[PDB]
Structures are given as C-alpha cells and as structure tokens.
Amino acid sequence: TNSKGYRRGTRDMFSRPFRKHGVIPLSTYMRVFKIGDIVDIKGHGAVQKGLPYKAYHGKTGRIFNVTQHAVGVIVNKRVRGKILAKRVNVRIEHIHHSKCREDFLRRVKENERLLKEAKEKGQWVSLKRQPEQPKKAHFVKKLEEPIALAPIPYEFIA
Amino acid sequence: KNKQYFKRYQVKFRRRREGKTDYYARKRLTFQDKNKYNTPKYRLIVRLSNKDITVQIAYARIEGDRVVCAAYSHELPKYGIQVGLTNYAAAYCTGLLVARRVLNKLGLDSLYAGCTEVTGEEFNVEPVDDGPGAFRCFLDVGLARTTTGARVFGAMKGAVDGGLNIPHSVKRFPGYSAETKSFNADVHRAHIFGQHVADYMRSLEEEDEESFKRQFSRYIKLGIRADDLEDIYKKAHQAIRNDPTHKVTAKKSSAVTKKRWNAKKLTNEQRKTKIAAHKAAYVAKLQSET
Amino acid sequence: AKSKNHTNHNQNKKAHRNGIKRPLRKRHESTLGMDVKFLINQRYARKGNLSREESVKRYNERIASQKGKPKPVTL
Amino acid sequence: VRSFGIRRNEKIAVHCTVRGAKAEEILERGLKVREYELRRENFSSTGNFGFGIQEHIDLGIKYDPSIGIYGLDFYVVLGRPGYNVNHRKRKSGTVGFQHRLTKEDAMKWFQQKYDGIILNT
Amino acid sequence: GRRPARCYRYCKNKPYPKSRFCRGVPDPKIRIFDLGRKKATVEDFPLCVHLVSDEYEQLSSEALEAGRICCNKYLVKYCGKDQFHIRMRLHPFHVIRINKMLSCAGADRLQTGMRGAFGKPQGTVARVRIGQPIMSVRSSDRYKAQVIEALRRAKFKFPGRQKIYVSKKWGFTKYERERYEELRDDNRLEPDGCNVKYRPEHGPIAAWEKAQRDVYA
Amino acid sequence: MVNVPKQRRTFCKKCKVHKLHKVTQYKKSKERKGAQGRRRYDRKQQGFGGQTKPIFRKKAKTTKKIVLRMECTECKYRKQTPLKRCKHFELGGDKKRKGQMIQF
RNA sequence: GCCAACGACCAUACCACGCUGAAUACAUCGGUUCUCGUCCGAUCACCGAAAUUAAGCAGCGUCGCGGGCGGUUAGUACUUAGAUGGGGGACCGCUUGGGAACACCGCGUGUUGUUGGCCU
RNA sequence: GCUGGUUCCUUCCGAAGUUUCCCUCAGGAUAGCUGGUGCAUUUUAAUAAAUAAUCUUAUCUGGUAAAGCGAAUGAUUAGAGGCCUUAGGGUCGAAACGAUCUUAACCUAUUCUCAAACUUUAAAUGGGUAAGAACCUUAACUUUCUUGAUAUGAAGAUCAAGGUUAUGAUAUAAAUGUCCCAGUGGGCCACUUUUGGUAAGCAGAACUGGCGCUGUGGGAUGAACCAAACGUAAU
RNA sequence: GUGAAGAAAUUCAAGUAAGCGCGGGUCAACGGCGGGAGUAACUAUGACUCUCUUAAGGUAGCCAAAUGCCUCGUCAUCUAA
RNA sequence: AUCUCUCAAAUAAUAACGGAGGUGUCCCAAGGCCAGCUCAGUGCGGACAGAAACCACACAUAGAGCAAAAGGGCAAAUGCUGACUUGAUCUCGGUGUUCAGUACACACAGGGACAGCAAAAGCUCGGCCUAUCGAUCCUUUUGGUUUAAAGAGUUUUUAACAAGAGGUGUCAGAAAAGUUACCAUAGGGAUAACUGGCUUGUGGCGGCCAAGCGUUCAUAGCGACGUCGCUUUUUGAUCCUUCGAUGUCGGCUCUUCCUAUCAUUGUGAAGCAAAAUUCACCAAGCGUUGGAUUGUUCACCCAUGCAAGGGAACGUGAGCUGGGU
RNA sequence: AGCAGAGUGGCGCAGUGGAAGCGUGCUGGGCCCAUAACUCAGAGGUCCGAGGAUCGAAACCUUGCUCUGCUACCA
C-alpha cells in the first residue's frame, strides 16, 4: 500500500551491476561541467551521501549550478499535466555525461569546414541531415554462380 | 577446491595488487573542489627505496597525472654526497633540490629565497604581495606511516626551507619530544647536518673496527671521518641554491630492440604444431611397447 | 464501502486535451538557489566592462611593457 | 561455551612471542626435556612445528613453591629470509611453492642438526 | 480438503515458491522419480521413449503416482523386472491455494464470508509447457512393444491429448543413436552410469593422455 | 541508558568562542498564577458553565522529549536543545567501559 | 627491447604451475646509537651495505582455469501493431516489424600517460 | 450532508466520475476538465535564420518475457568416479595395525527437473535530452572573490570572420493573465497484460479505445459488438 | 480566621472540621457457593488418600423439569406402532 | 498516520480487510575523525586438549560485521582494535521525496561563524542510506539586557517579539459509556433477511482405463488408485432488480409438467434350472397410499401392498389454516 | 479470528535471565515382637517442539504441537 517514501523500489536500479562493486574509479572525480554542458542523472551505490530519488533516475538535464562538489540540474518530470522544472542537488559520482551533444558538436565543425571548402567552388551546401533513401536501379550479373539456389522447407517432423 | 570461485571473483585494481596506492588517501588527496574547474591541485610525491629516496611534483588531469618535477638521490653525487643516500640529512637536500628547480621553470629564482641559514627553523614562508602569487604545495605520505619522526618530512623540510608553500605544522618532527614540546628547534640542526648519524660514527669510532666493516661502511673506503659531514652539506646547499642541472642527458641512443629480448609470443602456427610435436610423441610411446 | 476507487482511468486522456507544454520557453533564466556568492561576485564584474573603445587598447601596450609573458606558461 | 564455566573476555590464558637471539637457547633447554628424538607429529606441513611439555622447572630455574607447577606447550617457527613479503606493509606478495616450506624441510632440519630422529610411530 | 480434480486445469494462479519463510506445508508423497534397474550402465539400455503432452496444461500431483504404479505393474508382468529404466521427469514444486472449510461445530462462528481470503497449502500440482517430456522409459530395443503397449495405461491418467514420441537417441543420453557409435569407438565417449563424457580434449594434456593410455593399454 | 558528560564546550552566544558550559534540567516550573491564561480559565468558570475549555484525556506518548538547559560557565548565559525520545535518563554519565566482561 | 616513480583504463591485466631475467634498478639481506614504535628492531623505525638472484617483481610457456571477443545457435524462442482466423476451452497458425541468450566452436592473454634512467 | 417538483424557442461550445486533506466514506472545499472575458504577437498576424507536436538520425536509459542452473541464493532426482580412512557391517585375522569387499560420509565429473520476495546476459512496446543566427569558432577586456602570479581559470560585457540554418511531416492558427467561472468528484466494458477466489453477468487494477453524452446502418432481438461518429434536401 | 516575609497586590507557614481511604458490625441487602490424579483377590467403581487454591466451595431436596447444547437422553409403561 | 520486499506488465506512478514483515526504541559512543590492523570459515598443528578454551601457519571476494525489521552498499572501510574529541553547534534562506509541486516533518548542497580530530589535502551542520514522528490556543522556560501599560516618573507585576519544550497515536488535532421485543423519522437497493439471476468448493449425477474381487474367470454384476464431465432439488457464494412495501415457513384442496424408472406392457443380459432376483436398452399411459409423536421437508415406526421412486416455477394466505416463527 | 493462556521431578505445584525449588509418593537403613505412624538419609528435570537475539533463556521473543477458555458467523 506504499511508495511514500524515500527509497522504496530500488531492486535492480540503485545498486551496482555485476562485477563493478568495491572502490569507485577515480575518473569521474575529475570531470568538469560548465553552464550548459547538458548532463545525465543516474544511479549509483558507492557515494552514500546523496541520491536522486525514486522517479528521476534515467533522466538527463541542463546544469545551472556550479558549486563545491555538487551539481544542480533542470529536469522534466510528468505531473498530469503541468510538466515543470526541478532543481536537484547531487554529489558528482551519480552523474554521467550526455553523448547526445557529442555527435552534434562534430556536426558543427564539419559544417564550418565543408562550407569552407564550398567557399572555393560555391555549389552546393548539402549540409543538412538525411537518412537512407530509396537507392537506385542496378543491373546484377550472377557472377557468382547462376540461379536455383532453391531452399524450400520440409522441416516439421521431429 | 575453488573451481567456480574464480568466476565470481573480481579484483582490486592493479596498484592494489602490486601494493602501490591505497585509493583512500589519493582520492581524498586529489578531491579537487569543483568550483575551481581544472586549476591543478599540484601535490608533492615522495617515495623511497632501500638505497634511494625520491621527490616528485605532479598533478592530476583527466587522462592521468603529469609529473612536472622529479628528483633522486642519484643526482647528489654531483653535489659532493657520495654515500648515505637514506639520511635525514640526505632528506633535506633532496627536498631542497626541487625547491629551486621549479623556480627555474617559472622564473621565480629571485623571489621566495626560503630559509637560508638552516639550524632547524620552523619557517613557513610568507605569501608576498604586489606580484606573483606563490605556488602552493601539498604533501603526500604515500603508503608509509606519518608517525612523529618519519624521514618523509625531511624531504618536506628542504622543500619548505627552499621557498615552497605548504600548510605545514610541526608536531610530526623527529626530536620534537611528544611528551611534551618544548620545541627543541636545534634538533634539526643535528638532523639536517647529519649529526644524529655523525655521532654514531664517533660513538663507534673507538669501540669496534668491525663497526666500520658493518654499517657506515665505505666511509672508510673514502676516508670519510666523523668530523666534516655538515660542510659537505653546506657546500652542496649553496650549490643547490646555485643551480640544479635539470638532468640533461644526450647518449641518444643504444636502446632499440636489444636484443629481442622478452620472448615474442608464439602464434597459432607454433602453438598447435608444438602440440603436434607433443601429440605424436605420446602415440609413439604407445607404439614403442607394441 | 468498497465500490471502485484509487483509479487512474480516463485521467490521462483528459490531460492530453490541453497540450503537455514544457514550462514556457525562456532565455535569461533566474539565478536563484545557487551558490549565493558566486552570484554577487559577478556584480562586481558587472560594474567592470566600461570600455569598448577607450581602455580596451591601453593595456595592450602595457602588455608589451613587461616584454610579453614568456615565463608563466605552466602556472 | 558454558561447558567449563568460562565466558567472553575472561583473560583466560597467557602467551608471548620470542624471535631472534633468544629463542635458540630456550629451545635447547627444552630439547633435554623433550628428549629431542621427537615423535613424527609434532609436525605440520608448513615447515614449522611445536610440542607440549610437563614440569616446566627443569630448564635451570629455581622451583620456588609459591609459584606452582605448570605444563606448557611450545611452537617454534622456522622460515626463509624473505618470508616477510607476505607480512610487509608495502609491495607485499605471497610465495608460491618455493621458498615455501614442507614438513620434510623441518624434518630435515630437525634430524640434520640437533639429530632429532623422526620416530614414525 | 483434497478438493476434486476439475479445479486446476489451468495454470492461472501465480508461479508459486516453496519457501523458508512460511511453515505449514503438507507432504508430497512422490518419493520416487524413476523406476527400473537404476544400477544399469548405459550399454544395458540402448532404447529410449518418453511420454509427452501438447498444452500449457497444469498437471496434478496425483497421477504422477499413478504414472508410477500403473506402468510398473504392467512392466513387471511382461518383460522382466529390471529390463527398463522408468523415469518420471517432473517435480511438483508448485502449490495450490486453499482456505480449508472446517468452520463447523459452532464454537468458532465467524471466520470468513469472504473477509478475508488468504491461502493455506494442501497439496502440489505441476506446470507443463508445450513438448515438456514427462514420463520416460530407457530399456533395450526388444521391448518397444512392451513399453508403449503399457504406456497406453499411463496416457489415460495424464489428461487431455497426448502424443507419443519414439526417440532416435541412444537411451537417456543427449546423443543420437547413429551419432553414438563412431565417437564412442576410440576415446571421445567415456562411459558412466546414465551418461557419457563429452570431449575430454580440453584439457589440458594428461586427461587426454590418461584416456589415451587405457585404450591402448 | 544515555551517558552524558557533565561538562561540554559548545557555542556561546555572548563570548563568540567555544568555552566550557554546564548542563542542568527544566523540571516542571509550576503554573504560577495569576497569568493571562490563568486569569481567563479562572474567569470563565465562576459558576454554572461546567468545563468548557477542554481538560485533556487520551494520553499518547510513553515518554516526553526531555530538554537540557546549557548554562555557560563563563558569562552565565543559558540556552536550550532537545534530546531524542529515551525513557531512561541520567546526567554525569557513569562512563561506559568497553571490552570488559561482567565481573563475578 | 626493458627499469623505476606516479598513474590511467581497472581481468586480454587473474590464478595454478613451469621457465628465464643483460644493464639500470627494484628488492632481498644486515645492524640497533639516535628519531621511533615495539610483548617481540620480524611486521613498523633509524642507520647501509657484506652476501643474493632463490623468491618477489618483470618476461614467458600450459590443446591451463578464468575472463575478452568473434562466429553459429536463429529469425528459433518472446514480441509492439491488425483481423468476420480457426479450436470445446487450453493454446496455437498467419499479416505487420523490431529480434535475443546460455550453451556450442574459434580467436586473443594487458593497452597505455608523463617523468626519468638503463642499455644485453 | 436526506428525498420530491426547479416553467419559452432556436444558434455556438461541451465535461465529470481522480489524486490529497476532513469524527469523511451518501456531502464539502482542492486541483483537474469545461465555458466565458478579452488582451499581445511572430515573412510559425492580416491589403522564415522563430516556434510549440510525431517519426527519423545520433546518445543514454530499465531487468519483463525469453532464458539460466554443467555460478551464487536456495530448494532439488538419479547413479557413477574414486586415494579414501569419516569410516558403519564385516571378512581372511587375537584384531588386524596384513588383507578384503560392502555401507555410510566425502570429493570429482555429471544428470532429472524449478523459483512472486534468485540472478551471470536480455529484447519489442514506452521513458529522457539534443538535432544551431538565444549560433559556431577568435581577440583582449572585465572579477571588490573565497580559487589562480599569465595577476591563468570560470562566467560576464564588446569587437573580428561566417551560405542558402542544419531530420521528416504539418499547422484545422499559435500566445497568455484574471473570474478559480456553472458542473463533477458512485461509474461501466471488451481484447491483450492481471491479482483476489474453485468461482460467476462478482470483485481489484495498469495501458489504451468506447458506454454515460450517442442517434445509428448490421448478428431478428440487445447503452458498448462491427461498419460510421447524425445541418435540410435529390441522385 | 491566626503567623512570617514582602514598599504592596501576593508568597508560604501553622493549620485543618465534616467525607473517602483507614477499624470493626451485617446477606429474610444486591449476588457468589472449583478442578486434579491415585485407590477395593475380575472388571467397573470410588468408602478413601494426597495435592491445588479461594470471601466460603451447591447444603436438605428436587429434574431431561415451563429451566439439559449434546436431544428424537438412557429404562419400563400408555400404544396395532 | 506511518517503513521495507514483492504484488507491478524492464521510466516513475498505483489499487482491495492481497503476501512476508517492521516501527512509538536505542547510542558519549553504537558520535566526529586520523591511526594502525583484517573477518564467515577451513586445513595442518601443538602438556592437560573432544563440541571442549589458547597460540601458530596457510587458503581465505566477503559465504561476516555494521543497535533494531527487510533491502541495498560495505575489504589497508562504512568492520576489529586504538588515539583524541564534541558539529547531536549558533546562524541565515533555498532545494529534495510526500502533492494541490502547501504546511509539518526527514534528508540533501551551499553562504557566514565557531570549532573538533588528523602532518596535510581534507572529513564533519548526528547514527552507512530506505522508519525511529505534530499544527494554533496557552502553561512554560531560555532570551535584548528589549520596547508597551496612552498624562509624568521610579520600582514590582503581567503583557508582548525570538528559539525550543509541556499535547493532541481516531496521527493536520472535538472533551465522550451504554441500549431500546414501547422505540417514534429523513431516506437507501450506494446496503443484507425473502422471492428470481448468472457460478457450483458442497452435495444428488454419470463416463473412462482396469489394481483387484467375484471358487476359476480382470469387465456377469463389480470396479479401488487416479483420469475427466453435465443438472439447480438444497447448501453457501454474490448484491444485479423491488425499501414512496412482491403479504415470507409448513401441511390440507388442486390442476400440471419432468426424466437420471419404483413397479405394471415389449425385450435382452447373467455365476438366468425353476421359483425368486439382478443388469441394461425403449418407455411417461394410469398408478405411488390408510396412521403414533411432533409444527414440519427429511428422519423413524405400524400396516396394506403378489409391489409404495425422484422432481418444477420456494408451486399456492383477496382459497384457508396461523401450530411454530 | 484476535486473544486469557497453560504444558516443569512418578503426580501435584512454586520459580519476573546466573539456581534446577518445595511437598507427597518412590528407595535404603535405624527404631518395631512383627506391619503403619515415627527418625535419619538418598534419589527424582530435551522446563511442550522448532527457531530468534545474546554474557547466559524454563522464564525474553515469535513460531508450530497438545489443551481449556471465550463469545461472535453462515468460500
């Protein structure tokens, strides 16, 4: 009859997944985050002074706090419906980077350079993003082994 | 026993196997305040062997740890010190070495002259005004115990007397009697000038010839009597204050692929044929009996 | 009297009738609940940016007054 | 354990450790009491062993009947110099099969010097 | 209280445990899960046959015991006592969910209209997927007419539709019969009680070499 | 049992340093009439109304959150802080001896 | 090709066993007057080297364990979506698209930072 | 706070049966939905280089199926392999300490099955941010600072260079402050997913669609089934 | 009402009667008035013996009574049953 | 009110008087923090030495410990031991989960202070994190050394602000024992007893395979152990309809239909000689009683009978009766 | 279905965490002309079972087994 309160429902979430227990790495005690370096909020089991509570874990956010050994985030969570902002304070080793910006920054500097090579011939930019297309119309020699090549099933009886 | 015991096992990392760090000091050593972003914390490293004591200056980064300054007792042969490379007297000049070697790097050779005439002076250097903020330094004890009288503080002592900047207290010094100071400040004048060792030559000067055949050996091999030890230090210290040579070396080189030398690792063709050299022998040991 | 209760039925459908609407959108967001100062340290520097044409170039000759900055390349 | 009226924290017994320049004389004061042609086990495979005695007066001490008679057990630890690598503070590693001892190594050392024959009894 | 058999044709209650937390569990009397000559080697019984069903059918604990006894009496009256290896491959760990209705005699007079509705254990049942082999016999090849014509009288204790497989394995092992022969012939199949040894090559040498020794000498 | 030291050195609101203080109790401080409430409950029961302001049954807590006044030894200032809900209590402390067996 | 110090990623880096290790070294080893802890100078501590390459450590070997990683298992299992699709229900067959895993086979057995120094 | 009646027509729009709190559990306040009242404005408002919503692209995110016991945590069936010396019956032996099986232990290799409160990996559906001019690089200025001697760094103001603005498809128009605006705070059902119970046209739910509010063509019939959601008219 | 402090409202002191508690009396005043084992030349019993505990242990008589859940008691009789 | 593990369908959220539990404590060390030093076990050991103590040495991935339930973390620690100390501190406002993004509470990051250990860096604003708890009114301390008492002082009293505490466990807070077969009312099917309704654990009710019995003979008739199926007579279930009223239990009288057939018509079976009787198919046509106690359905009698079977709209009170209820 | 609970020496009871407690029987002797009574002495305990926590559990804890109490409904 309960959630209500403060750490219930942490079966596979809040601990350490397999073969990573014990002493923390020291890479994540080194990282640096400016204002606007978009970052994630996730779970941990090796700094037991601080957590993001039962709903947040698995969400990412902006950073507008720079402090002693903490990070204060903006994050969106579902109320019904007034989806608000929330300011959560947390010690740093709960937190991983976004890599979702980390494709986009090399989407920038290619476009500053591929326009820069375009600045000698003019046409054309072609600088937006497009997924795969309907391709072509080949003609295909066998070339490699003419047809039939006939796999027809018969397998049930066992 | 213990078959599947390997499967759920995992380790403590690499330097815990070879006993190099602790990960408990260093993390809360290099726990940089995050408000400062990547201004380095710049700790000082001192490690020791049975023959040598070492002095490093390093700082952490994201990939690892750049070590800007280094020292050994191996350089002290250039400064008139032949033997006794694990003395508290020897601990002083080693910390004194890098204490101006960084001052050649940043050009602060004039300012922060440090404690000049050392007779055991508790001299924290003052932060000067109107110009260069002094380069602070932090102390690591590595894995050794920081008891009152450890030799690692002697490496700090030449560092703090050379102009380096440390939040530094005095209760862990050798000779400062823990019940109760009573700061006998002249005990480091016996420490830094090696008199605590130089008496042991003199108090064994007439008792055992075999004492010299025992420890403080090779002083007899160079005629080092128990009288002139402090002036070897004092002449080294001004020469340390003259210039550290910054370890120029230009052999360049006899290093590469000598000779092989470490048993290149026997690929798949020489693995299974070595098995094939071993498989055909065992059927031959059965074909011998019939 | 156990009739039917506790239940989240239809309640979502009535929320997606007015759109779900990330708060507003803003540019110069508020600054509250931080380090309280840091914040007023900017207030000094907010009083500092006086020159776009007058003092911005006077220091550049004074850069060369100390024959450049060859020494402090690490610190 | 309630079996003998003895509890936690009792200060039940006395012990000590002795190493270097003093152990080699108190052992040979015991080997005459031990009649040092000792039995087979009396021995562990670690390369160290020990024994237990009655009548602790006969190692050249005064009896002094105010003190009492006492049966004693002993355990001397042989080794190889370099064994402190399992017990040093830093760079501390184990041994392997060598220089780690077997029961024969002490049984060699028991029979070569002090001439203690093994008494496989 | 030994409720009738129709009430558990469907696994629709939860996959239950048997805990070290709840005391009060009665006895599942199935203390035998295999009959026949269990002391036989693999070479004694080349033939294999199972008995299997075709649903997600829940199977009661009781006809397992009937499945023990009924085919036992036919096989001890037909083709010798020890000429087979009966195996009922299935453990009833699942529990059924009962309130007992001994609310009589007047001196108690409240318990439950349906407030509340906790459970108590009275027996066990078994949960069967599709093609889950249940009742199997490992015998010689000369009694195929003995087992299946005894297996009729066990199929009519396990409910619903059931098909009958004749294996092509060599007994209860995990190996096909024609596959069984050629790898046995040198060293690669080492005999055991009900099974064999898969590939003694790894390792690293001497176990292959000790198996190399006794087949030569 | 809550052993407490007889002396402690905490924040003093006057000296603005840490100095030794003393610590005592609160016990009850009997309702000294005729206070402002006291001159109203005694006012509204001059006769024939019968117990309007409710005098309270239904006891709940098995022990009260005890408090300890913290008198500064230096400048005689007194302060206050609660301590948590424990039935047993004593000051002075009778300091616990760790690791000793029960004698006899 | 190494060695040290500091590391970093923290098993391809581990463990069992066997073998080697030039130099630099690391160590091992030795003493107890002072610092100094000690029941115990063994662990700690101060002094420094006679002896040592045995161990440790490094390097390597094992159809070694372990782990990394590939290929098949397998479009199988489950599955979002759809139906005037059957069946007595149980449960399954199709349309729609994502799509596994242990086992089973193979390959691999530390990569590297800066700081020095060594030179087979 | 409980029942009865709450009277003229058309047009427009069109819900509730929920969370909390309460000597409340038949009622009220509360947000929620709705309606009204305008008002500010986009080459997304008047004769795009700016947005807000679904997929893509990229990036994190979880242990449910499916598995998994020849790993833990348990629980669990079969024998086998044994130097065994834990050894129970013995045996050739005074016992055997000589010797010999057997039976209990044990280990080694397995093997039959399992898990709502067991996990070594692990899906689809659905969570989360991001897909630039509110940019992107560059200067030297700013800092009354705890940090740091470039009196670095961080952020700030201000110049320098800059393509066509950076995934698809749209916008029946987007954007907000009051009245806290009348109501309503009892619900029902089918598919999958699913507890309680043997169970039911019973109860108890999460995710949708519908019924109440809704006529309708179709299984004669029937609030939900399946077609389709209802200005007056001919084809 | 009498005392002491206190500039005073007030603070306590000495007090302090009847009630209830405290000591008896009372049930033709309300209302009460137990179980446990053992034990007799068959068995069965319990004349008895021990122990438990209470304000004291249902006494003289009645009865499946109009009042005995078990009830359609066990036994003759009235009865063709 | 309140805490966990699931129940929960891999974001979070969430149900019933669903499952397993827990809490109203406890600790000046079980706190704060530096220091050393690693446990569960298990092997070989060692006078008295087993389940016995104690020392030694190896293997010891945590199989322990951590005040308490259960999860989670935990290996030169967050444990063992030791040192030394009060941050279980004053202060200001924001922020986390309860949700109306309220209040209490509890955690969390700061800014300022005062310190406490550690050589330093650091660590510390209470128990390693998920529980270990409360609002006005007052009573009441601690308070500046504080203003108010309204004409002006002085002095005491109260009065106020500010931090707590005394208190509200029905946990956002009334002070609170009974029953009415004399009971009078607003109403309710949001809520039963009665009548119908889907369901059938219950019971009447058949099928199947045959372990056996039947002298032999499994199957004449039987059929255990287990296997799976219909009816609505009851027996509960449930609350769907009627609470501004559906006259609700028996017997009498009385039409009726019903097969799962008692016996009569036509067969067949047999351990069917006959007589007698049993099985089983088809068969609702007339038949299924007269009495003792009870208020009865049944129950059990006595007798007829060459022989006495079950059932339906609770059949039926403007047909009665009223014996119970 | 909470709960008042109890189960201890042959039997009866007493025992609130440091003990195995009392009484009657039972067992032996003396005393007896022999039996009782009398007198001295001895003996008599998984504290209902399984666990919990700990310096130790009959007692503390819950859990099942046996057994009254004690009024309630109606898979």
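Refer to the structure presented above.
Residues numbered from 1 in each chain as written, not as in the entry; some residues may be left out. Chains lettered and ligands numbered in written order. Part of a larger assembly, values for the part shown. Heavy atoms only, no water.

Asker: What is the right way to look at helix 2 (residues 88-105) of chain B in this model?
Answerer: Residues three or four positions apart in an α-helix share a direction because the helix packs 3.6 residues into each turn. Residues and elements named next belong to chain B. For helix 2, with 18 residues, the first-to-last C-alpha span of 27 Å sits near the 26 Å given by 1.5 Å per residue. With respect to burial, helix 2 is a largely interior element, 16 of its 18 residues being buried. Phi for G107, located one or two positions after helix 2, is positive at around 80°. (Helix = DSSP H or I, 4+ residues; strand = E, 2+ residues; numbered from the N terminus. Expected span 1.5 Å × (residues − 1). Buried < 20%, exposed > 50% of the residue type's maximum accessible area, 1.4 Å probe, protein only.)

Asker: Just to check I follow, could you spell out the interface of chain A and chain B for this structure?
Answerer: By convention, interface size is frequently given as the accessible area that disappears when the constituent parts associate. Counting from both sides, the interface comprises 17 residues of chain A and, opposite them, 16 residues of chain B. Taken together, both faces of the contact between chain A and chain B bury some 1700 Å²; the carbon and sulfur share is 61%. Together, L26, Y29 and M30 of chain A form the three largest contributors to the area buried by chain A at its contact with chain B, with a combined 33%. Linking chain A to chain B there are five residue pairs in polar contact. Looking at side-chain class alone, the side of chain A that touches chain B contains ten nonpolar, four polar and three charged residues. (Contact = heavy atoms within 4.5 Å. Buried area = accessible area lost by both parts, 1.4 Å probe. Polar contact = N/O pair within 3.5 Å; in protein donor to acceptor, adjacent residues only side chain to side chain. Nonpolar A, V, L, I, M, F, W, Y, C, P; charged D, E, K, R; others polar.)

Asker: Where do I start with the sheet that holds strand 2 (residues 53-60) of chain B in this structure?
Answerer: Sheet strands pair via backbone hydrogen bonds, and the direction of the pair is either parallel or antiparallel. Residue and element names in this part refer to chain B. Read from one edge to the other, the open sheet built from four strands follows the order 3-2-1-4, with strand pairing classed as mixed. A strand with exactly one partner marks an edge of an open sheet, and here the two such strands are strand 3 (65-69) and strand 4 (138-139). Two strands pair when backbone bridges link them, and strand 1 (residues 43-48) and strand 4 are joined in this way by two bridges, in the parallel orientation. Bridging across to strand 4, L44 finds its partner in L139. Sheet strands touched by helix 2: strand 2 and strand 3. Its angle to strand 2, the strand with the most contacts, is close to 40°. (Pairing = 2+ DSSP bridges. Axes fitted to C-alpha atoms, helices over the stretch in contact; angles between N-to-C directions.)

Asker: Hey, could you run me through the pattern of salt bridges in this one?
Answerer: Pairing between side chains of opposite charge can happen when the charged atoms of each approach one another. A full pass over the atoms with the stated rule returns 31 salt bridges over all chains. A salt bridge links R11 of chain A to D12 of chain A, with the shortest nitrogen-to-oxygen separation between them at 3.1 Å. Both residues of the pair, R11 of chain A and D12 of chain A, belong to the exposed class. For the salt bridge of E71 of chain F with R78 of chain F, the shortest nitrogen-to-oxygen distance reads 3.5 Å. Look at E71 of chain F and you get partly exposed, because its relative accessible area is 26%. A residue is classified by how much of its surface remains accessible, and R78 of chain F, at 46% relative accessible area, is partly exposed. When salt bridges that share partners are traced, they join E31, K33, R38 and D42 of chain F into one network. (Salt bridge = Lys/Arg side-chain N within 4 Å of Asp/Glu carboxyl O.)

Worth remembering: the numbers are spatial, not functional.
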